[PDB]
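Only one structure is covered here, and it is reproduced in the block below.
Bear in mind these aren't lab numbers, they're just calculated from the coordinates by the rules spelled out. Ideal geometry is used to build each Cβ from the backbone, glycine not excepted, and the neighbour counts take in all protein chains shown.
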Amino acid sequence: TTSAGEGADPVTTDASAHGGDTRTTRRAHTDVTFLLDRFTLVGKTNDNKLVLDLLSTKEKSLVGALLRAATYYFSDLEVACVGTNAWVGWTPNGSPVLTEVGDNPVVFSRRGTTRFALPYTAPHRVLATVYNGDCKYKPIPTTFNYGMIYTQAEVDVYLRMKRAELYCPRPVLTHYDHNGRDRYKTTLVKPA
Amino acid sequence: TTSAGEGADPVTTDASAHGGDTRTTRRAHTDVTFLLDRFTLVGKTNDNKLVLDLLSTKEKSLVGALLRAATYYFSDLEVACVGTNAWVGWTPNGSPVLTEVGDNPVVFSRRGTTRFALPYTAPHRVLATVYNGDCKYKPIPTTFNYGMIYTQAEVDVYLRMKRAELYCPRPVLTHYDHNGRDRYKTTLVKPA
Amino acid sequence: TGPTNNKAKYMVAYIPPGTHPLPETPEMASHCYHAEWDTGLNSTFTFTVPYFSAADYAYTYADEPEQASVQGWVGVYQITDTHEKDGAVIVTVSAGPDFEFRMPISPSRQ
Amino acid sequence: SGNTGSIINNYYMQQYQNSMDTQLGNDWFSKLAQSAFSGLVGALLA
Amino acid sequence: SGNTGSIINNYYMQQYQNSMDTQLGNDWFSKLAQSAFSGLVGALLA
Amino acid sequence: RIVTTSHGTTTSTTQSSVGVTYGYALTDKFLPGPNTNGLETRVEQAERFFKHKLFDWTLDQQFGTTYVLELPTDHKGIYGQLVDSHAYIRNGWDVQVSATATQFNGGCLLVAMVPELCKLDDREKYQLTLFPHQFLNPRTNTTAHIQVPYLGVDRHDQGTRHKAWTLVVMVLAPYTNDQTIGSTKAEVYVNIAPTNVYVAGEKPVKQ
Amino acid sequence: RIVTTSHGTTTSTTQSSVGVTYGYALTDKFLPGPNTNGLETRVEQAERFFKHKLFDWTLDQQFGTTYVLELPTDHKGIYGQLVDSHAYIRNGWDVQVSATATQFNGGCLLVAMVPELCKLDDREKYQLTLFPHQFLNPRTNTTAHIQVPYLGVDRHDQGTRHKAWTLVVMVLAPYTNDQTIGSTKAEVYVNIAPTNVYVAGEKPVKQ
């Protein structure tokens, strides 16, 4: 179909012009909520502390990449610290940094991992993955966090976004290197 | 009964011609689905990896033998890796081979074994146990797999076919050796 | 993107796998599923790349031992142009109405 | 069906436990077996 | 919704499991997609 | 004036249509006759577009200059396969001819489908308009489109040899490029598709 | 036992029919799937008989001797043309196999259509009967007839390479000519016809 592309109005076509059909599609796997609803490893704690910042997610992982594909987002959160450690503790967004959690929420370990559920605690209606605040581009606020955890020992930290909502899509780039080759190619799983 | 056997039309007869009855039969034990619905040991992992290929099943085992008694099949799958190891991970049919699973489905061990359930993930309507593709007989595609597992250590891998469907029967040969004897014979379980 | 007085005529075809000498001429390429269109009032033209394969699904990645494209090729040809001073054609791609992805994977790293 | 029998049930949803089947738009051997001739060719006596 | 499916349920109350949403006083892209032109500009022949 | 013609998996969209000229009939209705004994069959797969470059419309060619293309022509696709597998064949033609010049060029080509064209005198050229035709006039259009039915003293032809139709493109007024921005020549292309192809009398292909 | 099978302009009449054996299905119903995007088309012209000599059934061949013919085979007719013009194809097969011996000869050949036949052990030969089949027994018949549907993990095949079906004829009992008037050998011929052929993905034939 010819069209006046300048106006930017969407155009989506079948194969019917050429005599074709349309297959039945089931896009369950491209559902945003489903996609982000899994645990992603963000790394290890530091002095047995870790600020819960979704921007800590590895940017080439499925979750890190998708989260960054949106300008704004909202979600609740689940945490799981795996490692040999006794107890993970937590403080909400806006609390002063402490020397010891003592009395704030504390959860004891069970068979080497501590997993628990948290609520969105920011003071904003939604958070952003980018924020052009005083950083004049020429050709992230304190508040953007989900609290902080305190642990008894070093552990691997995993975050899981629950009830996720994304707004204003942003680019998602391929991360494999073509080298000089035209096609990309790798070894895919095959019977040995 | 005499018949024109050349045409190959089936003939199944009673003992009634000789004055007999017919016993009540209960063929629950020859039900294909029931039969294949059990765990079979396929072996150990390699570099802590193992492609899930049902053709890895031992061909003389009940499951290996029966699976091979069909040209085509379909089923879902359950896996159990037994051994002292921490965690089994998995990737679906068609994914590139990775250095570390990290972030793809991971399941932690519980009392020395890790058992979990998977879905058929091939891109074909059904799979085959044989495939005469470019192998001119004179008197198996990459795609035929259920994914791949990654482990923390070496383990014994067990597969269990769920919801099995078989099509186009193939031969099932006896595997015991007569030697020179006429009858076969072994020691059967008896009171000592 | 060309000026008003520069006219051209184009064609795009879907070449199935196993096709031998990939056609280099409009004439040869006309034997494939194709579309021809010319310039005029409407600047944009949209083409539908179909799905043919033995299987219902294809892989997004290419196995190391894969010499030819298992899914074939798409060839874009210029049948003719008034003026040899270029007229740029911006090419763009979007999902069709029945496109679908399955099996999420975190292919992570190097 | 198969070799699974819990009078009670299954805890996780179907979309997670198994793959979902689809249709477009049947036991050959049972039928084949059913169709076998089990009578008598010719006439019977006594 | 999401990637959670227990045919059975959830043990703890909603006010503890999740944060409670509020309102004052909607899928832009679905709508945008829905609105795409999928016809034919000009006249068709044969 | 945007018109998209489609045949099979092939389409053609023009933005300077001037209409279609139907020659001698509005349709190619197929009436089977006794010559095929009812064994003829239609092969729709063949009814799709194929392209050819006819010539370059240039500044030196004068009135009367003529280029022809006898149909059926050599085909490297499905249509051509029919010729090797069957002895008899019949079909009509959907013809699109183009000459891409700028609106700042001048001149005029006459495009016509002439039946049984064995020879043409120069005087007969002044009367080519008695045949189904259209015009390529830069100021106005870059596309011509003529649709004609199968024709002949026989219901079917015995594979080529006989060219019932011959496409003819002839210069009426010479091409001009007197306004600086025009082009110095216009390539002339043909987009054709066989219609209602019925074949009969099968023989072995190859050996 | 006179039966005439016909496909297109080709017929076959046998006077020693023993019936048709339908394998795995009574019909080859074609259910179009998403792999062709609805662009596949049937080409009936291809659905006709072609013949081949398979071998000479002789007195020295012993039990187990096997001759196979993988399908699709090389075709010098219409069916073969499809392969050059289209990337994907699917069809079933109507197979007739004959061994013309006298009623004064003896022995027996087993004729079967086996799917995905990459290799066959000698023990597996005792169980070839699990596959659609029939028998050639001189005292009784000189014709076998098996009809099978398209089969495969994929709705279509990418032109040959993959031979979903392989015809197999194997000696069960050796041929005999102990009654003076028999023949010393029996030629074995095949009469096959592709059924329900649907192709898709057109590409240029030639160059």
Margin query: I want to check the label-to-label distance for F:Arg42 and C:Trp73. Put each point 7 Å from Cα in the C-beta direction and report it in nm to one decimal.
Written below: 3.6 nm
Next item on the list: Along Cα→Cβ, 7 Å out, is where each label goes; now give me the distance between the ones at F:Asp84 and A:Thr174 in nm to one decimal.
Entry: 3.8 nm
Next item on the list: Return the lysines within reach of G:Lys29: Cα separation strictly under 24 angstrom, same-chain partners fewer than 8 residues apart disregarded; answer none if there are no such residues.
Entry: D:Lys31, G:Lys163
Next item on the list: Based on the mean of other Cβ atoms within 10 Å per residue, sort peptides G:60-72, B:120-132 so the most packed one is first.
Entry: B:120-132, G:60-72
Item checked: Whole-Å semi-axes of segment G:1-135's equivalent ellipsoid (Cα gyration tensor) -> 30, 20, 15
Checklist line | Three-way shape call for chain D based on the alpha-carbon gyration tensor, with the a/c threshold at 1.5 | finding: oblate
Next item on the list: Consider a paramagnetic label point 7 Å from the Cα of C:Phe99 along Cα→Cβ; state which residues of segment E:16-35 have an amide N under 18 Å from it.
Entry: E:29-35
Checklist line | Alpha-carbon Rg/Rh ratio, for chain A, with Rh computed the Kirkwood way | finding: 1.08
Note to self: Need one word for the protein assembly as shown: rounded, prolate or oblate. Basis is the Cα gyration tensor (sqrt eigenvalues a ≥ b ≥ c); a/c below 1.5 gives rounded, then a/b vs b/c decides.
What the structure shows: oblate
Checklist line | Karplus-derived 3J(HN,Hα), 6.51/-1.76/1.60, for each residue of segment B:36-42, Hz, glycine and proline x | finding: 7, 7, 7, 7, 10, 7, 9
Check: Hey, rough spin-label estimate for G:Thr4 and A:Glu100, points 7 angstrom out along Cα→Cβ, what's it come to in nanometres?
Finding: 10.5 nm
Checklist line | Size descriptor, Kirkwood hydrodynamic radius, that averages inverse alpha-carbon separations across chain C, Å | finding: 16.8 Å
Item checked: For segment B:95-192: rounded, prolate or oblate by the Cα gyration tensor [a/c cutoff 1.5] -> oblate
